[PDB]
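Chain nomenclature is as follows: A, B, C, D, E, F, G, H, I, J, K, L, M, N, O, P, Q, R, S, T and U, assigned in order of appearance, with residue numbering initiated at 1 for each chain independently.
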Amino acid sequence: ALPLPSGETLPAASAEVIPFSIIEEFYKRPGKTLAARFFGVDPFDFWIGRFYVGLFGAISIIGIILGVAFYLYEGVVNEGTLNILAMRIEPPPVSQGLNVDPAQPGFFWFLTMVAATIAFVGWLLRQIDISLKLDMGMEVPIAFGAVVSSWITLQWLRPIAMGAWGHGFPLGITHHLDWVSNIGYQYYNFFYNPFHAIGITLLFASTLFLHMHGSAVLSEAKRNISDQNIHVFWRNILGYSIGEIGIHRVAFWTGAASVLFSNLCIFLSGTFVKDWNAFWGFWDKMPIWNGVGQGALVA
Amino acid sequence: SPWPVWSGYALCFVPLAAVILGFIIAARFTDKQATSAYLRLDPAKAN
Amino acid sequence: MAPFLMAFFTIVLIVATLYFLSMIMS
Amino acid sequence: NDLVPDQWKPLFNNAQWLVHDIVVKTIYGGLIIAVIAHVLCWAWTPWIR
Amino acid sequence: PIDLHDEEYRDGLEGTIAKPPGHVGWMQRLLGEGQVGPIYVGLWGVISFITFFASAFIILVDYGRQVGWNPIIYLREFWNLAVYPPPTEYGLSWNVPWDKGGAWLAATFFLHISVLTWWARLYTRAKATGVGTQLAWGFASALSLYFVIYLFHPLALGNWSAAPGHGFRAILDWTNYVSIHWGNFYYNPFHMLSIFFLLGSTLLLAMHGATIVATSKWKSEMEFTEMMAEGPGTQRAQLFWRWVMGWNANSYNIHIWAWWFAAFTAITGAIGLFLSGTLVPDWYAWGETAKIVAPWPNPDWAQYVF
Amino acid sequence: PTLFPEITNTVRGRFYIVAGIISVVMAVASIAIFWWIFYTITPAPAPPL
Amino acid sequence: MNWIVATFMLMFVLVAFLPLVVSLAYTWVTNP
Amino acid sequence: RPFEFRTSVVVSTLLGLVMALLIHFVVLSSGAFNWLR
Amino acid sequence: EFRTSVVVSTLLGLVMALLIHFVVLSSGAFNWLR
Amino acid sequence: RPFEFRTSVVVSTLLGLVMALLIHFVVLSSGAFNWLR
Amino acid sequence: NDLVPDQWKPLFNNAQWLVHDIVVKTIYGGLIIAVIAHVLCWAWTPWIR
Amino acid sequence: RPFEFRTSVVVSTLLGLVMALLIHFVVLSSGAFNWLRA
Amino acid sequence: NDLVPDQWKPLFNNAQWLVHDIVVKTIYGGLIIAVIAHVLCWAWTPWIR
Amino acid sequence: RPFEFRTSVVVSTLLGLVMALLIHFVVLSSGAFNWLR
Amino acid sequence: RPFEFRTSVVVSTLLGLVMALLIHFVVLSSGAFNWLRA
Amino acid sequence: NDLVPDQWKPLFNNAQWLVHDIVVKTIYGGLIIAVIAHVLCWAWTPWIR
Amino acid sequence: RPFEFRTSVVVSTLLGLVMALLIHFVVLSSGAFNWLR
Amino acid sequence: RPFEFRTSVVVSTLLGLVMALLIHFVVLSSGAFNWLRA
Amino acid sequence: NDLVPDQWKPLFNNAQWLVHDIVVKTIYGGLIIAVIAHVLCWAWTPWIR
Amino acid sequence: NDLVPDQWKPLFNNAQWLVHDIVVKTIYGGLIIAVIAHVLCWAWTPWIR
Amino acid sequence: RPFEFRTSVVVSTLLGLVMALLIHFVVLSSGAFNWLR
């Protein structure tokens, strides 16, 4: 009996029962990473276990270890709390400005944030290298780069633009929520921010699309069907079937767009805008309806 | 009173441990099924 | 004395760029 | 590789010795200009004090 | 035993309309298919149509009455118009004036009927096409959240005012008001679990889409065929995700992962919303008693002042 | 003598250098001119009372 | 507020938007 | 047979461990025994 | 490429002209339009 | 056999380590022994 | 199906009978210990009152 | 037969355990029994 | 399973008997040390009272 | 054999290093020794 | 051979460098030595 | 695996015996150093009291 | 040879460019030079 | 050989440059030398 | 493995023995320097007290 | 590898020996320059005190 | 036959259980019986 990838055992195409070892050995092909093109050789061009280690893998692992050490030190020492749900890792005060001093408190927040940034960029570059070794596209790096740009907006661009550097988030479990709540209520009705609304729309659409795609694929896995049943099912309900290649494109685009608009709204709310209720005071004054009402229906 | 309340115990620490163990177990069994031997197209012939 | 130095560095940059372009473009 | 010296023949090509000479001359000229610029900058405002 | 031509090209009730398919063109260029195609109508969907449009007509007519029947002001204030439920007095009674919550009850009733009939339509068409019925249960898990929001939570509190007011701006106001009323949902554990599952769902969707698009040069998007025998694209995707994080899946497990993320999101959200008001009147106080609230003696408050 | 014949010998590859230099110069000039104009014609921001 | 630095950071954010736009343009240009 | 041995052992062990930990923690938090100060 | 240069130049010129007119009008230093 | 030796070893070792860490943390957090100030 | 009794042959395997016996003995010992602990705790401090 | 033994056993066990936990919670939360320090 | 006893042959391998013996001896030593530690801790400060 | 030498060495080394770091950090945090000011 | 020489060398070098960085940073921040302006 | 003793042949390879001996010696040295350090720390200040 | 001359030239030029940009930025951001006033 | 000469050259040069940059940055941030008005 | 000793022949290659010797010498020098630095720092200022 | 010393045949190529010599000379010169810079900085402002 | 026995059994059981739970909770929340204080 031939075992299928789903799990079926169907008695008996050009397929055959092949162990994963043959596939793993066949596709190694060392010597095509990004660092090899630049320097002419990759210093770390091997595998340690199941992982591939490259030039940026070492940088990422160093950043990870250093960041975790600094995070634990600020929270076990200098706070004396001993539990992780009550830790509160703060940046330097707003009065200090854009400068950093080891003597003053908030230095290890700097160390952890820098190490985390280095680790994130190293992970992105490692993903690019692994994609380039397999002759694939560069789509996953684009999505992860959207996420990393979302991080850089919150921790680098906004504090520099506002110029005091106390405007970055504390790295504490259950405590970054305090920062989110206070920032959101400082610019009251953060719902009324247009880009926040677009981001929420994209998030909800992404979840709905994921559920629909999972249901559709799972509904035909282990049945004797002609591969066109799903198209008829999706045209009978809603009167449209996107196809096999369109659903993944839509998923990738929606996922990236949500985070992009979210980082745009956070940065814009930081500097160029002060109140999101006053932002809509232009609407009722446009010269198409500013003179049509009376009493409570005026304006 | 160094200890949390019973409702805190349940509502917080039961779901958290459940999620952690479930994630680890599901990942382990997904990897087991993925790396098993089944029908595949030969990479040497397949291009 | 800042503007004089700015002019000095700008002139040096222009001269170097022109010299290297002429070297390449020949 | 006829113009290359004997000691550096296995490392350099005939078409690379001239480019290496150009690079060396450029480095030396840049160092001289940098020394001049640093002297003028110190004359403007000291940075060590 | 199923003829797709019949299921797509019947006539009358229990058949289809818009029979001559359309073509859009740019959707064919960007998404790979641009057939508008026919749409089924089978007595599960006529009821949904009629009930949904009855509810919409009621809401729109109330919107018109609220502005004095002025169309220009109707365009002016469309996005900040709403039809709120009855006030907190006379909690669950239906003897209410039409302008004081009478229309909200009727519209909500018709909307409930519409959503239930839509679920029936989904289930019946899944059965009639030969495919499984996973989509019906996913929609059931979202209707669970919907019914907690609109029916089961206002019940057991004693008033209709605990429900949203049927408006573009009214849902945002409802979210803010419910957060302020019951403490802070940032300290609601089920809100935390729902956020975890939601962000995980978005992450998984992005990863899967990028992975399939990257290996589409070897026909990796044909999920139905890859479940029979793996191809070069699926092999490359497995190798990529094994070399990045050390473990991977096949082209069948990822769909189970996605389905369960979405289902858990909906279910945990429903449970948290229901538990918010009846048992824990204040989430911050509960969090303080549970030792999940960080001490905060000496703030630096200059960040939060203009 | 050159190390990049495809860039310093062919006209098509020789055009890219000038194109890039012109692009950088245009960007710098536009940014500088806009900000100079903005900062020159603006009144004093904060008059104390 | 220094309006030069803020505009620079805004330009960086709009640059960060670019790769998805490039992917959309590539998908449109191919698949004619 | 309806159920296999491994499933029964797994379910029993998980239930026992969960109930034991929950009961100890509830009793400790109740503060009705004078245990650990 | 000629097309890219033309497009970049046209958009840059239009954006700069619009921004500069708006800035000059908002400055209120010329006595233009009251 | 239902369970392999490796699975039993892994489960027992992990459970023992986790319980030991948890008990040490709880005893330290109780403040009822006069240990470590 | 040789060490299993005749009654339980359709339900039990020759290798799982030993594991079942071990589990049964462990449960019996645990039950005895739990009963003793409950008696001691009641003698110390009643929880019902 | 309409139903298999496994389905009946699983449903019965799950229902019994859930009902037991819910009843214990509801009875002990009411504070009308004086159990474990009131 | 030459070294395994006849009773435990269906359940144990030949290379697993040795590892089982090591684990059992380690657990016995751990139990003895734990008993001693508990006795000394009780002698120092009772925790039930 | 159920476990390889390499896996045992890796697990033991990681556990020992993590335990050493945790114990040093906890002892430093407790402030019961008058060490490092 | 249980392990390769290059893996041992790389792991040892990374661990040593990380430990040295961490120890210097901790000692500098503790301010118990009067080094680099107290 | 000629160097490995008779009893440990099924579990050990020829090359891993040497590494095992090195690891055992390292652990014993670490244990001795740890015992000395603990004794010195107790002499400095007791931590139980 | 261990390193091609082209690669060395490219690496050196890029390193010089990055160093020049970084040093200009840091020197201009300092308190002694306030962005040339 | 376990490592190639050019790989060692790349690793050593990169590590040295990174350490030099880090040491200048830390010394400048300490503000203990009166350098660039510090 | 002509130059590798007989005991370490199954573990070491001819080209890794010299590198291992270099690493060992570097480590010994490092520990000597570290001991000297720690003694000097303790002489300057004790960190235990 | 005719220029390589006898002890370092298995590791060094004939062309790599010259580059290694250049690297060693550059490192030694940099070390001397760093020593001078450290002496000057100490003479300017002691950092240990 | 129009309906199978299984579907009718399932629907009847679910409806009965839901109604029982709903009625018990409504009666308890009404607070008109003096039940559980």
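As a working rule, a contact is a pair of C-beta atoms (placed from the backbone, for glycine too) under 8 Å apart; a residue touches a chain by one contact, two chains touch by 3 or more.
**Student:** Quick one: which chains contact subunit I and subunit S both?
**Tutor:** none
**Student:** Quick check for you: after a Cα superposition of subunit D on subunit S, what is the rotation angle, between 0 and 180°, in steps of 5?
**Tutor:** Between subunit D and subunit S the superposing rotation measures out at 50 degrees.
**Student:** Compare the contact pairs of D-Q with each of M-N, J-P or N-P and report the one sharing over half of them by residue number.
**Tutor:** Of the listed pairs M-N, J-P or N-P, the one copying the D-Q interface is N-P.
**Student:** Starting from the mean Cα coordinates of subunit K and subunit S, work out the distance between those two points in Å.
**Tutor:** 58
**Student:** Mind checking the centre-to-centre distance between subunit C and subunit G? Centres are C-alpha means, answer in whole Å.
**Tutor:** 33
**Student:** From the mean C-alpha coordinate of subunit P to that of subunit Q, what's the distance rounded to whole Å?
**Tutor:** Centre separation, subunit P to subunit Q: 51 Å.
**Student:** Two or more other chains touching the same residue: where does that happen in subunit B?
**Tutor:** Touching at least two other chains: 3-5, 9, 33, 38-41, 43.
**Student:** Give me the residue numbers in subunit F that touch at least two other chains, ranges are fine.
**Tutor:** 2-3, 38
**Student:** Can you list the residues of subunit K that touch 2 or more other chains?
**Tutor:** 15-16, 19, 47
**Student:** Which residues, counting only subunit G, touch subunit A once they are in their complex?
**Tutor:** Contact set of subunit G toward subunit A: 1-2, 5-6, 9-10, 12-13, 16-17, 19-20, 23-24, 27.
**Student:** What part of subunit J is in contact with subunit P in the complex they form?
**Tutor:** 34-36
**Student:** Which stretch or stretches of subunit F touch subunit D in the complex?
**Tutor:** For this pair, the touching residues of subunit F are 1-3.
**Student:** Could you pull out which subunit F residues touch subunit C in their complex?
**Tutor:** 2, 8, 14, 17, 21
**Student:** Which positions of subunit O touch subunit A when the two form their complex?
**Tutor:** Checking each residue of subunit O against subunit A gives 6-7, 10, 14, 17-18, 21-22, 25-26, 28-29, 31, 36-38.
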